[PDB]
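Novice: Just one file: entry.pdb, with PDB, C-alpha atoms and all ligand atoms.
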```pdb
ATOM      1  CA  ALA A  18       0.000   0.000   0.000
ATOM      2  CA  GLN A  19       0.978   3.617  -0.638
ATOM      3  CA  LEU A  20       2.268   5.860   2.233
ATOM      4  CA  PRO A  21       1.375   9.547   2.850
ATOM      5  CA  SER A  22       3.602  12.195   1.280
ATOM      6  CA  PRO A  23       6.512  12.515   3.734
ATOM      7  CA  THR A  24       6.693  15.950   5.509
ATOM      8  CA  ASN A  25       9.307  18.414   4.232
ATOM      9  CA  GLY A  26      11.463  16.324   1.941
ATOM     10  CA  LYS A  27      12.022  13.647   4.602
ATOM     11  CA  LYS A  28      11.753  10.001   3.464
ATOM     12  CA  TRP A  29       9.954   7.108   5.021
ATOM     13  CA  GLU A  30      12.177   4.440   6.451
ATOM     14  CA  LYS A  31      10.798   1.119   7.704
ATOM     15  CA  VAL A  32      10.924   0.585  11.485
ATOM     16  CA  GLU A  33      12.043  -3.061  11.261
ATOM     17  CA  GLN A  34      11.153  -4.068  14.880
ATOM     18  CA  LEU A  35       7.485  -3.143  14.340
ATOM     19  CA  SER A  36       7.105  -4.585  10.816
ATOM     20  CA  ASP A  37       6.542  -8.148   9.684
ATOM     21  CA  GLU A  38       5.414  -9.910   6.499
ATOM     22  CA  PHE A  39       4.539 -12.980   8.612
ATOM     23  CA  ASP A  40       5.861 -15.180   5.840
ATOM     24  CA  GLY A  41       7.804 -17.606   7.983
ATOM     25  CA  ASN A  42       7.086 -20.907   9.643
ATOM     26  CA  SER A  43       6.197 -19.447  13.081
ATOM     27  CA  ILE A  44       5.934 -16.093  14.934
ATOM     28  CA  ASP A  45       9.058 -13.985  15.485
ATOM     29  CA  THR A  46       9.366 -14.017  19.242
ATOM     30  CA  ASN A  47      11.958 -11.212  19.083
ATOM     31  CA  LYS A  48       9.173  -8.882  17.893
ATOM     32  CA  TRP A  49       5.872 -10.367  19.143
ATOM     33  CA  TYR A  50       4.140 -11.984  22.045
ATOM     34  CA  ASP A  51       1.613 -14.599  20.752
ATOM     35  CA  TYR A  52      -0.631 -13.775  23.714
ATOM     36  CA  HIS A  53      -1.300 -10.618  25.784
ATOM     37  CA  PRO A  54       1.154 -10.434  28.687
ATOM     38  CA  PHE A  55      -0.667  -7.451  30.250
ATOM     39  CA  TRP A  56      -4.325  -8.439  30.122
ATOM     40  CA  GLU A  57      -6.237 -11.719  30.213
ATOM     41  CA  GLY A  58      -8.915 -10.562  27.680
ATOM     42  CA  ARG A  59     -12.526  -9.443  27.688
ATOM     43  CA  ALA A  60     -14.879 -11.807  29.541
ATOM     44  CA  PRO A  61     -16.495 -14.147  28.436
ATOM     45  CA  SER A  62     -13.330 -14.455  26.218
ATOM     46  CA  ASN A  63      -9.689 -14.690  27.444
ATOM     47  CA  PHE A  64      -6.662 -14.890  25.174
ATOM     48  CA  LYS A  65      -5.154 -18.368  24.730
ATOM     49  CA  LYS A  66      -1.432 -18.418  23.999
ATOM     50  CA  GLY A  67      -0.803 -19.536  20.447
ATOM     51  CA  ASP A  68      -4.324 -18.834  19.095
ATOM     52  CA  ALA A  69      -2.322 -16.112  17.395
ATOM     53  CA  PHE A  70       0.100 -17.966  15.120
ATOM     54  CA  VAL A  71       2.060 -17.444  11.923
ATOM     55  CA  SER A  72       1.251 -19.758   8.988
ATOM     56  CA  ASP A  73       0.463 -19.569   5.204
ATOM     57  CA  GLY A  74       1.843 -16.008   4.987
ATOM     58  CA  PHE A  75      -0.376 -14.492   7.705
ATOM     59  CA  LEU A  76      -0.400 -13.785  11.356
ATOM     60  CA  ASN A  77      -3.576 -15.816  12.082
ATOM     61  CA  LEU A  78      -5.672 -14.759  15.075
ATOM     62  CA  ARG A  79      -8.072 -17.597  15.680
ATOM     63  CA  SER A  80     -10.905 -17.666  18.315
ATOM     64  CA  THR A  81     -12.032 -21.136  19.396
ATOM     65  CA  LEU A  82     -14.566 -22.745  21.744
ATOM     66  CA  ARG A  83     -13.257 -23.248  25.242
ATOM     67  CA  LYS A  84     -16.538 -24.513  26.805
ATOM     68  CA  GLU A  85     -20.102 -24.891  25.528
ATOM     69  CA  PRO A  86     -21.824 -21.619  26.457
ATOM     70  CA  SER A  87     -24.832 -23.686  27.713
ATOM     71  CA  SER A  88     -22.299 -25.391  30.112
ATOM     72  CA  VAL A  89     -21.246 -22.305  32.047
ATOM     73  CA  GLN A  90     -23.255 -20.321  34.580
ATOM     74  CA  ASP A  91     -23.573 -17.073  32.558
ATOM     75  CA  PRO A  92     -22.303 -16.955  28.916
ATOM     76  CA  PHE A  93     -22.031 -13.199  29.198
ATOM     77  CA  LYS A  94     -19.410 -13.490  31.968
ATOM     78  CA  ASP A  95     -17.908 -16.941  32.607
ATOM     79  CA  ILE A  96     -15.081 -17.709  30.221
ATOM     80  CA  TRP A  97     -16.006 -19.982  27.332
ATOM     81  CA  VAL A  98     -14.235 -18.435  24.347
ATOM     82  CA  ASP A  99     -10.506 -18.762  23.719
ATOM     83  CA  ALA A 100      -9.538 -15.464  21.939
ATOM     84  CA  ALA A 101      -6.196 -14.484  20.229
ATOM     85  CA  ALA A 102      -3.755 -11.634  20.812
ATOM     86  CA  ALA A 103      -0.307 -10.607  19.538
ATOM     87  CA  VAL A 104       1.467  -7.725  21.254
ATOM     88  CA  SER A 105       4.617  -5.859  20.196
ATOM     89  CA  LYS A 106       7.808  -6.036  22.220
ATOM     90  CA  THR A 107       8.997  -2.648  20.764
ATOM     91  CA  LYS A 108       6.913   0.439  21.611
ATOM     92  CA  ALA A 109       4.914   2.405  19.061
ATOM     93  CA  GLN A 110       5.866   6.128  19.077
ATOM     94  CA  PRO A 111       4.186   9.388  18.057
ATOM     95  CA  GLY A 112       5.191  10.431  14.564
ATOM     96  CA  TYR A 113       5.277   6.983  12.909
ATOM     97  CA  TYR A 114       3.046   5.666  10.110
ATOM     98  CA  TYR A 115       1.431   2.258  10.860
ATOM     99  CA  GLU A 116      -0.432   0.042   8.415
ATOM    100  CA  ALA A 117      -1.827  -3.520   8.515
ATOM    101  CA  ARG A 118      -3.409  -5.469   5.727
ATOM    102  CA  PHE A 119      -5.910  -7.984   7.071
ATOM    103  CA  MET A 120      -9.171  -9.834   6.494
ATOM    104  CA  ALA A 121     -11.512  -9.954   9.494
ATOM    105  CA  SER A 122     -12.849 -13.201  10.993
ATOM    106  CA  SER A 123     -16.497 -14.156  10.267
ATOM    107  CA  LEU A 124     -17.402 -14.263  13.988
ATOM    108  CA  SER A 125     -19.509 -12.038  16.263
ATOM    109  CA  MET A 126     -16.179 -10.892  17.822
ATOM    110  CA  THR A 127     -13.768  -8.107  16.984
ATOM    111  CA  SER A 128     -10.853  -8.314  14.534
ATOM    112  CA  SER A 129      -8.835  -5.392  15.882
ATOM    113  CA  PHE A 130      -5.654  -3.351  15.382
ATOM    114  CA  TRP A 131      -4.910  -0.922  18.231
ATOM    115  CA  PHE A 132      -2.354   0.526  20.767
ATOM    116  CA  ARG A 133      -2.341   0.495  24.543
ATOM    117  CA  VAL A 134      -0.400  -0.817  27.592
ATOM    118  CA  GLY A 135       0.204   2.892  28.359
ATOM    119  CA  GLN A 136      -0.466   5.145  31.359
ATOM    120  CA  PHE A 137      -3.340   7.264  30.038
ATOM    121  CA  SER A 138      -4.234   6.553  26.369
ATOM    122  CA  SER A 139      -5.318   4.080  23.708
ATOM    123  CA  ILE A 140      -5.699   4.438  19.930
ATOM    124  CA  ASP A 141      -7.916   1.948  18.077
ATOM    125  CA  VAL A 142      -7.267   1.937  14.364
ATOM    126  CA  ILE A 143     -10.122  -0.533  13.773
ATOM    127  CA  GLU A 144     -12.268  -2.865  15.889
ATOM    128  CA  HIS A 145     -14.149  -4.713  13.157
ATOM    129  CA  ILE A 146     -17.142  -6.929  13.927
ATOM    130  CA  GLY A 147     -16.927  -9.382  10.995
ATOM    131  CA  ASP A 148     -20.301 -11.153  11.518
ATOM    132  CA  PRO A 149     -22.448  -9.821  14.436
ATOM    133  CA  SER A 150     -24.894 -12.424  15.760
ATOM    134  CA  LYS A 151     -27.475  -9.645  16.487
ATOM    135  CA  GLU A 152     -28.784  -9.858  12.975
ATOM    136  CA  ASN A 153     -30.100  -6.279  12.755
ATOM    137  CA  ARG A 154     -26.426  -5.208  12.770
ATOM    138  CA  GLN A 155     -25.398  -7.146   9.576
ATOM    139  CA  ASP A 156     -26.297  -4.292   7.245
ATOM    140  CA  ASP A 157     -24.057  -1.996   9.125
ATOM    141  CA  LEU A 158     -21.153  -3.381  11.248
ATOM    142  CA  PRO A 159     -19.532  -5.585   8.620
ATOM    143  CA  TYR A 160     -18.908  -2.449   6.473
ATOM    144  CA  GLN A 161     -17.603  -0.249   9.264
ATOM    145  CA  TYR A 162     -13.977   0.965   9.758
ATOM    146  CA  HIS A 163     -14.411   2.565  13.219
ATOM    147  CA  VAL A 164     -11.367   4.346  14.844
ATOM    148  CA  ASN A 165     -11.292   5.514  18.463
ATOM    149  CA  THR A 166      -9.211   7.063  21.265
ATOM    150  CA  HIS A 167      -9.592   6.426  25.034
ATOM    151  CA  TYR A 168      -8.319   8.323  28.080
ATOM    152  CA  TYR A 169      -7.600   6.888  31.504
ATOM    153  CA  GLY A 170      -5.109   7.216  34.430
ATOM    154  CA  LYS A 171      -4.296  10.951  34.936
ATOM    155  CA  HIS A 172      -6.990  11.600  32.270
ATOM    156  CA  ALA A 173      -9.860   9.300  33.454
ATOM    157  CA  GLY A 174     -13.205  11.125  33.098
ATOM    158  CA  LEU A 175     -12.682  11.998  29.433
ATOM    159  CA  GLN A 176     -15.101  10.279  27.002
ATOM    160  CA  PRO A 177     -13.789   8.329  23.946
ATOM    161  CA  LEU A 178     -13.377  10.254  20.755
ATOM    162  CA  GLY A 179     -13.722   8.407  17.484
ATOM    163  CA  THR A 180     -15.344   8.245  14.072
ATOM    164  CA  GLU A 181     -16.024   5.799  11.299
ATOM    165  CA  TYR A 182     -16.001   5.102   7.570
ATOM    166  CA  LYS A 183     -18.219   2.872   5.523
ATOM    167  CA  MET A 184     -16.179   0.462   3.424
ATOM    168  CA  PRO A 185     -17.336  -0.654  -0.100
ATOM    169  CA  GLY A 186     -17.234  -4.350   0.952
ATOM    170  CA  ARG A 187     -17.288  -6.358   4.193
ATOM    171  CA  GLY A 188     -14.228  -6.667   6.377
ATOM    172  CA  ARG A 189     -14.744 -10.481   6.530
ATOM    173  CA  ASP A 190     -14.770 -10.707   2.677
ATOM    174  CA  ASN A 191     -11.653  -8.644   1.978
ATOM    175  CA  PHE A 192      -7.996  -8.025   2.716
ATOM    176  CA  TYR A 193      -7.966  -4.299   3.143
ATOM    177  CA  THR A 194      -5.050  -2.069   4.257
ATOM    178  CA  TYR A 195      -5.861   0.060   7.311
ATOM    179  CA  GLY A 196      -3.331   2.859   7.736
ATOM    180  CA  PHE A 197      -2.726   5.232  10.645
ATOM    181  CA  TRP A 198      -0.375   8.247  10.759
ATOM    182  CA  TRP A 199       0.292   9.279  14.386
ATOM    183  CA  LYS A 200       1.233  12.591  12.792
ATOM    184  CA  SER A 201       1.223  14.687  15.948
ATOM    185  CA  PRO A 202       0.181  14.083  19.599
ATOM    186  CA  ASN A 203      -2.766  16.287  18.553
ATOM    187  CA  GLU A 204      -3.473  14.876  15.072
ATOM    188  CA  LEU A 205      -4.293  11.298  14.075
ATOM    189  CA  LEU A 206      -4.892  10.573  10.379
ATOM    190  CA  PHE A 207      -6.481   7.291   9.148
ATOM    191  CA  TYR A 208      -6.261   5.693   5.700
ATOM    192  CA  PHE A 209      -8.243   3.023   3.833
ATOM    193  CA  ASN A 210      -6.260   1.326   1.007
ATOM    194  CA  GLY A 211      -3.959   4.332   0.927
ATOM    195  CA  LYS A 212      -6.547   7.134   0.809
ATOM    196  CA  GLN A 213      -6.935   9.446   3.784
ATOM    197  CA  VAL A 214     -10.497   8.908   5.136
ATOM    198  CA  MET A 215     -10.623  10.007   8.809
ATOM    199  CA  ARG A 216      -8.989  12.444  11.205
ATOM    200  CA  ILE A 217      -9.150  12.701  15.016
ATOM    201  CA  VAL A 218      -7.808  15.536  17.095
ATOM    202  CA  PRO A 219      -7.412  13.775  20.460
ATOM    203  CA  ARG A 220      -8.930  15.378  23.574
ATOM    204  CA  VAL A 221      -5.454  15.695  25.170
ATOM    205  CA  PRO A 222      -1.992  15.156  23.549
ATOM    206  CA  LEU A 223      -1.307  11.519  22.775
ATOM    207  CA  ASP A 224       2.414  11.880  23.477
ATOM    208  CA  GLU A 225       3.202   8.613  25.318
ATOM    209  CA  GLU A 226       4.639   5.423  23.736
ATOM    210  CA  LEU A 227       2.169   2.475  23.508
ATOM    211  CA  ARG A 228       2.429  -1.144  22.495
ATOM    212  CA  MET A 229       0.936  -2.221  19.100
ATOM    213  CA  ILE A 230      -1.679  -4.990  19.275
ATOM    214  CA  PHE A 231      -3.830  -7.351  17.073
ATOM    215  CA  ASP A 232      -6.522  -9.167  18.941
ATOM    216  CA  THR A 233      -9.985 -10.617  19.075
ATOM    217  CA  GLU A 234     -12.641 -10.128  21.775
ATOM    218  CA  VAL A 235     -16.209 -11.004  22.716
ATOM    219  CA  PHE A 236     -18.284  -7.902  23.777
ATOM    220  CA  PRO A 237     -21.052  -9.025  26.142
ATOM    221  CA  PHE A 238     -22.833  -5.588  26.009
ATOM    222  CA  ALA A 239     -22.103  -2.139  24.548
ATOM    223  CA  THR A 240     -18.880  -0.839  26.172
ATOM    224  CA  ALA A 241     -15.427   0.839  25.703
ATOM    225  CA  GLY A 242     -16.319   2.219  22.224
ATOM    226  CA  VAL A 243     -18.192  -0.938  21.005
ATOM    227  CA  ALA A 244     -21.859  -1.643  20.195
ATOM    228  CA  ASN A 245     -24.273  -4.508  21.278
ATOM    229  CA  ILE A 246     -23.100  -7.082  18.741
ATOM    230  CA  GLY A 247     -24.272 -10.471  20.172
ATOM    231  CA  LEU A 248     -22.325 -13.447  21.500
ATOM    232  CA  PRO A 249     -20.537 -15.641  18.924
ATOM    233  CA  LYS A 250     -21.904 -19.035  17.834
ATOM    234  CA  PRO A 251     -20.127 -22.305  18.740
ATOM    235  CA  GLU A 252     -20.663 -23.643  15.217
ATOM    236  CA  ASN A 253     -18.665 -20.636  13.790
ATOM    237  CA  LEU A 254     -15.929 -20.836  16.514
ATOM    238  CA  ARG A 255     -15.505 -24.527  15.517
ATOM    239  CA  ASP A 256     -15.137 -23.665  11.794
ATOM    240  CA  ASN A 257     -11.597 -22.780  10.686
ATOM    241  CA  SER A 258     -12.909 -21.115   7.588
ATOM    242  CA  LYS A 259     -14.747 -18.509   9.675
ATOM    243  CA  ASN A 260     -12.975 -18.233  13.080
ATOM    244  CA  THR A 261      -9.672 -16.623  12.015
ATOM    245  CA  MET A 262      -8.610 -13.008  11.450
ATOM    246  CA  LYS A 263      -5.635 -13.116   8.969
ATOM    247  CA  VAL A 264      -3.051 -10.296   8.944
ATOM    248  CA  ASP A 265      -0.947 -10.577   5.761
ATOM    249  CA  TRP A 266       1.475  -8.003   7.087
ATOM    250  CA  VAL A 267       2.142  -5.047   9.319
ATOM    251  CA  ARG A 268       4.505  -2.229   8.290
ATOM    252  CA  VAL A 269       5.599   0.772  10.285
ATOM    253  CA  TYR A 270       7.684   3.758   9.002
ATOM    254  CA  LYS A 271       9.344   6.858  10.499
ATOM    255  CA  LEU A 272      10.501   9.993   8.818
ATOM    256  CA  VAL A 273      14.244  10.265   8.364
ATOM    257  CA  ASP A 274      16.872  12.882   7.280
TER     258      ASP A 274
HETATM  259  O1  LIG A 301      -6.351  -8.570  37.916
HETATM  260  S1  LIG A 301      -7.227  -7.527  37.338
HETATM  261  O2  LIG A 301      -8.601  -8.096  37.185
HETATM  262  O3  LIG A 301      -6.732  -7.177  35.977
HETATM  263  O4  LIG A 301      -7.146  -6.276  38.275
HETATM  264  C1  LIG A 301      -5.977  -5.453  38.278
HETATM  265  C2  LIG A 301      -6.203  -4.138  37.527
HETATM  266  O5  LIG A 301      -5.301  -3.911  36.401
HETATM  267  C3  LIG A 301      -5.797  -2.578  35.914
HETATM  268  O6  LIG A 301      -5.898  -2.441  34.518
HETATM  269  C4  LIG A 301      -6.763  -3.482  33.848
HETATM  270  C5  LIG A 301      -7.929  -4.263  34.396
HETATM  271  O7  LIG A 301      -9.076  -3.417  34.744
HETATM  272  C6  LIG A 301      -8.298  -5.287  33.278
HETATM  273  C7  LIG A 301      -9.306  -6.371  33.711
HETATM  274  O8  LIG A 301      -9.820  -7.157  32.644
HETATM  275  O9  LIG A 301      -8.796  -4.521  32.153
HETATM  276  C8  LIG A 301      -7.693  -3.802  31.606
HETATM  277  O10 LIG A 301      -8.226  -2.955  30.505
HETATM  278  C9  LIG A 301      -8.579  -3.808  29.356
HETATM  279  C10 LIG A 301      -9.954  -3.202  29.320
HETATM  280  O11 LIG A 301     -10.710  -3.385  30.527
HETATM  281  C11 LIG A 301     -10.113  -1.816  28.721
HETATM  282  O12 LIG A 301     -11.488  -1.550  28.485
HETATM  283  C12 LIG A 301      -9.264  -1.900  27.530
HETATM  284  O13 LIG A 301      -9.769  -2.515  26.282
HETATM  285  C13 LIG A 301      -9.489  -1.805  25.027
HETATM  286  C14 LIG A 301     -10.596  -0.774  24.759
HETATM  287  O14 LIG A 301     -10.554   0.358  25.663
HETATM  288  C15 LIG A 301     -10.015  -0.419  23.429
HETATM  289  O15 LIG A 301      -8.838   0.373  23.382
HETATM  290  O16 LIG A 301     -10.161  -1.297  22.335
HETATM  291  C16 LIG A 301      -9.320  -2.428  22.635
HETATM  292  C17 LIG A 301      -9.465  -3.467  21.483
HETATM  293  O17 LIG A 301     -10.826  -3.811  21.405
HETATM  294  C18 LIG A 301      -9.632  -2.984  24.047
HETATM  295  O18 LIG A 301     -10.979  -3.533  24.192
HETATM  296  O19 LIG A 301      -7.903  -1.958  27.812
HETATM  297  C19 LIG A 301      -7.704  -3.333  28.206
HETATM  298  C20 LIG A 301      -6.260  -3.635  28.576
HETATM  299  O20 LIG A 301      -5.513  -3.494  27.363
HETATM  300  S2  LIG A 301      -3.952  -3.345  27.420
HETATM  301  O21 LIG A 301      -3.466  -3.619  26.085
HETATM  302  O22 LIG A 301      -3.664  -1.935  27.833
HETATM  303  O23 LIG A 301      -3.533  -4.338  28.393
HETATM  304  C21 LIG A 301      -7.129  -2.757  32.548
HETATM  305  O24 LIG A 301      -5.968  -2.180  31.994
HETATM  306  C22 LIG A 301      -4.974  -1.492  36.593
HETATM  307  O25 LIG A 301      -5.419  -0.187  36.122
HETATM  308  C23 LIG A 301      -5.868  -1.563  37.725
HETATM  309  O26 LIG A 301      -5.514  -0.563  38.720
HETATM  310  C24 LIG A 301      -5.952  -2.925  38.403
HETATM  311  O27 LIG A 301      -4.888  -3.532  39.080
HETATM  312 CA    CA A 302       2.316 -12.101   4.474
HETATM  313 CL    CL A 303       3.376 -18.946  15.396
HETATM  314 CL    CL A 304     -20.237 -16.142  15.376
HETATM  315 MG    MG A 305       2.022 -18.684  17.793
END
```
Now that the file is in, can you turn its structure into structure tokens?
Specialist:
Amino acid sequence: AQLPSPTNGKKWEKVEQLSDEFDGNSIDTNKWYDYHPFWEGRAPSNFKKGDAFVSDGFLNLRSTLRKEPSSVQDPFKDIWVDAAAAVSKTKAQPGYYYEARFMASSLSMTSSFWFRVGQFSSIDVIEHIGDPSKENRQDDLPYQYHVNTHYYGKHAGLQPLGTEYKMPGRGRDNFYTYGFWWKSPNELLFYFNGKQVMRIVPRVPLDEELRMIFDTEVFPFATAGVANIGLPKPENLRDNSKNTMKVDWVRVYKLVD
């Protein structure tokens, strides 16, 4: 995919420790955790180590059935979904350009690309609901590229600030390239297949380093930027043709000279 024009005659140079074509036999443990070392996941899902795995040219983030949801006390709370997460060992920094090309899962769970593990901020480039089980959301969520920022810690109290773009085709049917220029602490620019589509001026400067993350989550009710999407279906979690978010690659660049 094409990168923004570089500011002032600078050139883009790849940040190797945050970029990966995922074309090997297994995940590069110098660069990635294949689980989330800082968070267990969003009940009734928790991340299972290795449900994020490299194979067939992709970082694959698969969500599988841990327990029958009719077997646990409350399927909105008790853990019965094994979700996937990969988290960067190197920190993401203000100023860089980030882009991931991926096809969402076909589950009522997120396929997400975002930044956190900070002290006061998060940046969600996309939290895509490939196939919401609440069926009145099928004409909308599968086309949505929804970006968001969150504020906590010293800035708890501030509401999220986000926006969205309606894609021409469903996230679960396409590899699309979602791009994000952390251009300033006060200016985030978002790209869809190389075209600038969204802009957020964050409520306070996003000037702290964050880790970069791909994951999948169940949302048991509307919360932290996310609608009422429905719980996923065991028959889809069991199906490897539907249960996997596939990231063909992630590339990150900084301006040099
Ligand atoms: O043992 S604990 O139960 O965990 O208690 C100790 C506490 O740790 C705190 O911080 C975490 C806990 O509150 C934890 C419990 O599950 O939740 C962590 O936050 C995760 C979410 O709750 C939070 O909503 C969020 O999720 C992101 C959304 O905001 C957003 O950005 O989109 C993405 C992708 O969809 C996520 O859904 O952040 C999560 C953690 O992500 S991480 O990458 O930063 O790890 C809390 O951080 C300490 O604050 C607390 O004082 C307690 O000790
Ligand atoms: Ca690849
Ligand atoms: Cl792997
Ligand atoms: Cl599902
Ligand atoms: Mg793995």
Novice: Going by the chain IDs and residue numbers used in this file, which residues fall under the PyMOL selection byres (((chain A and resi 221) around 9) and not hetatm)? Write them as an NGL selection string.
Specialist: :A and (168 or 172 or 202-203 or 218-220 or 222-224)
Novice: Any chance you could resolve the PyMOL selection byres (((chain A and resi 183) around 12) and not hetatm) against this file and give the residues as a list in words?
Specialist: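 On this input, the PyMOL selection byres (((chain A and resi 183) around 12) and not hetatm) captures residues 145, 156, 157, 158, 159, 160, 161, 162, 163, 164, 180, 181, 182, 184, 185, 186, 187, 188, 209, 214 and 215 of chain A.
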Novice: Show me a table, sorted first by chain and then by increasing residue number, of the residues of chain A having an atom at most 9 Å from ligand LIG 301 (chain A), each with its shortest atom pair and the distance in Å to one decimal, counting all atoms listed in the file and written as CSV.
Specialist:
```
residue,atom,partner,partner_atom,distance
A:53,CA,A:LIG301,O23,7.2
A:54,CA,A:LIG301,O23,7.7
A:55,CA,A:LIG301,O23,4.6
A:56,CA,A:LIG301,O23,4.5
A:57,CA,A:LIG301,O8,6.3
A:58,CA,A:LIG301,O8,6.1
A:59,CA,A:LIG301,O8,6.1
A:60,CA,A:LIG301,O8,7.5
A:104,CA,A:LIG301,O21,8.0
A:127,CA,A:LIG301,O17,6.8
A:128,CA,A:LIG301,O17,8.2
A:129,CA,A:LIG301,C17,6.0
A:130,CA,A:LIG301,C17,7.2
A:131,CA,A:LIG301,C17,6.1
A:132,CA,A:LIG301,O21,6.8
A:133,CA,A:LIG301,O22,4.3
A:134,CA,A:LIG301,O22,3.5
A:135,CA,A:LIG301,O22,6.2
A:136,CA,A:LIG301,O22,8.5
A:138,CA,A:LIG301,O15,8.3
A:139,CA,A:LIG301,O15,5.1
A:140,CA,A:LIG301,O15,6.2
A:141,CA,A:LIG301,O15,5.6
A:143,CA,A:LIG301,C17,8.3
A:144,CA,A:LIG301,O17,5.8
A:145,CA,A:LIG301,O17,8.9
A:165,CA,A:LIG301,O15,7.5
A:166,CA,A:LIG301,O15,7.0
A:167,CA,A:LIG301,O14,6.2
A:168,CA,A:LIG301,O14,8.6
A:169,CA,A:LIG301,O25,8.7
A:170,CA,A:LIG301,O25,7.6
A:177,CA,A:LIG301,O14,8.8
A:227,CA,A:LIG301,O22,8.5
A:228,CA,A:LIG301,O21,7.3
A:229,CA,A:LIG301,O21,8.4
A:230,CA,A:LIG301,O21,7.2
A:231,CA,A:LIG301,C17,8.1
A:232,CA,A:LIG301,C17,6.9
A:233,CA,A:LIG301,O17,7.2
A:234,CA,A:LIG301,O17,6.6
A:236,CA,A:LIG301,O18,8.5
A:240,CA,A:LIG301,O12,7.8
A:241,CA,A:LIG301,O14,4.9
A:242,CA,A:LIG301,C14,6.9
A:243,CA,A:LIG301,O17,7.9
```
Novice: Would you mind exporting C-alpha atoms of the selected residues as an mmCIF file, in the frame of the given file?
Specialist:
```cif
data_model
loop_
_atom_site.group_PDB
_atom_site.id
_atom_site.type_symbol
_atom_site.label_atom_id
_atom_site.label_comp_id
_atom_site.auth_asym_id
_atom_site.auth_seq_id
_atom_site.Cartn_x
_atom_site.Cartn_y
_atom_site.Cartn_z
ATOM 1 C CA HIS A 53 -1.300 -10.618 25.784
ATOM 2 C CA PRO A 54 1.154 -10.434 28.687
ATOM 3 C CA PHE A 55 -0.667 -7.451 30.250
ATOM 4 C CA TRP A 56 -4.325 -8.439 30.122
ATOM 5 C CA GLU A 57 -6.237 -11.719 30.213
ATOM 6 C CA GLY A 58 -8.915 -10.562 27.680
ATOM 7 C CA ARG A 59 -12.526 -9.443 27.688
ATOM 8 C CA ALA A 60 -14.879 -11.807 29.541
ATOM 9 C CA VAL A 104 1.467 -7.725 21.254
ATOM 10 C CA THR A 127 -13.768 -8.107 16.984
ATOM 11 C CA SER A 128 -10.853 -8.314 14.534
ATOM 12 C CA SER A 129 -8.835 -5.392 15.882
ATOM 13 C CA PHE A 130 -5.654 -3.351 15.382
ATOM 14 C CA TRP A 131 -4.910 -0.922 18.231
ATOM 15 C CA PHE A 132 -2.354 0.526 20.767
ATOM 16 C CA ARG A 133 -2.341 0.495 24.543
ATOM 17 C CA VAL A 134 -0.400 -0.817 27.592
ATOM 18 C CA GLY A 135 0.204 2.892 28.359
ATOM 19 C CA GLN A 136 -0.466 5.145 31.359
ATOM 20 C CA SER A 138 -4.234 6.553 26.369
ATOM 21 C CA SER A 139 -5.318 4.080 23.708
ATOM 22 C CA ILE A 140 -5.699 4.438 19.930
ATOM 23 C CA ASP A 141 -7.916 1.948 18.077
ATOM 24 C CA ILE A 143 -10.122 -0.533 13.773
ATOM 25 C CA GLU A 144 -12.268 -2.865 15.889
ATOM 26 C CA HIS A 145 -14.149 -4.713 13.157
ATOM 27 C CA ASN A 165 -11.292 5.514 18.463
ATOM 28 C CA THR A 166 -9.211 7.063 21.265
ATOM 29 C CA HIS A 167 -9.592 6.426 25.034
ATOM 30 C CA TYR A 168 -8.319 8.323 28.080
ATOM 31 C CA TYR A 169 -7.600 6.888 31.504
ATOM 32 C CA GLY A 170 -5.109 7.216 34.430
ATOM 33 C CA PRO A 177 -13.789 8.329 23.946
ATOM 34 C CA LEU A 227 2.169 2.475 23.508
ATOM 35 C CA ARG A 228 2.429 -1.144 22.495
ATOM 36 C CA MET A 229 0.936 -2.221 19.100
ATOM 37 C CA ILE A 230 -1.679 -4.990 19.275
ATOM 38 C CA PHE A 231 -3.830 -7.351 17.073
ATOM 39 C CA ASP A 232 -6.522 -9.167 18.941
ATOM 40 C CA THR A 233 -9.985 -10.617 19.075
ATOM 41 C CA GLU A 234 -12.641 -10.128 21.775
ATOM 42 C CA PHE A 236 -18.284 -7.902 23.777
ATOM 43 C CA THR A 240 -18.880 -0.839 26.172
ATOM 44 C CA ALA A 241 -15.427 0.839 25.703
ATOM 45 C CA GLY A 242 -16.319 2.219 22.224
ATOM 46 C CA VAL A 243 -18.192 -0.938 21.005
#
```
Novice: Show me which residues line ligand CA 302 (chain A), defined as having an atom within 12 Å of a ligand atom where all atoms listed in the file count, and present them as a ChimeraX atom specification.
Specialist: /A:36-44,71-77,117-120,192,263-268
Novice: Take the PyMOL selection byres (((chain A and resi 69) around 7) and not hetatm), apply it to the structure above, and return the hits as number ranges by chain.
Specialist: A: 51-52, 67-68, 70, 76-79, 101-103
Novice: May I have the residues from that selection written out with C-alpha atoms, as a CSV table (one decimal), in the coordinates of the input?
Specialist:
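The result, stored in result22.csv:
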```csv
chain,number,residue,atom,x,y,z
A,51,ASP,CA,1.6,-14.6,20.8
A,52,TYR,CA,-0.6,-13.8,23.7
A,67,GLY,CA,-0.8,-19.5,20.4
A,68,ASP,CA,-4.3,-18.8,19.1
A,70,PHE,CA,0.1,-18.0,15.1
A,76,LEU,CA,-0.4,-13.8,11.4
A,77,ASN,CA,-3.6,-15.8,12.1
A,78,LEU,CA,-5.7,-14.8,15.1
A,79,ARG,CA,-8.1,-17.6,15.7
A,101,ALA,CA,-6.2,-14.5,20.2
A,102,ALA,CA,-3.8,-11.6,20.8
A,103,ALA,CA,-0.3,-10.6,19.5
```
Novice: Find the residues with any atom within 10 Å of (-7.9, -22.3, 21.3); use all atoms listed in the file and the coordinates as given in the file, and write the answer as a PyMOL selection string.
Specialist: chain A and resi 63-69+79-83+98-101+254-255
Novice: Segment 212-215 of chain A, all listed atoms, 5 Å padding on each side: what axis-aligned box centre and edge lengths in Å to one decimal come out, as JSON?
Specialist:
```
{"center_x": -8.6, "center_y": 8.6, "center_z": 4.8, "size_x": 14.1, "size_y": 12.9, "size_z": 18.0}
```
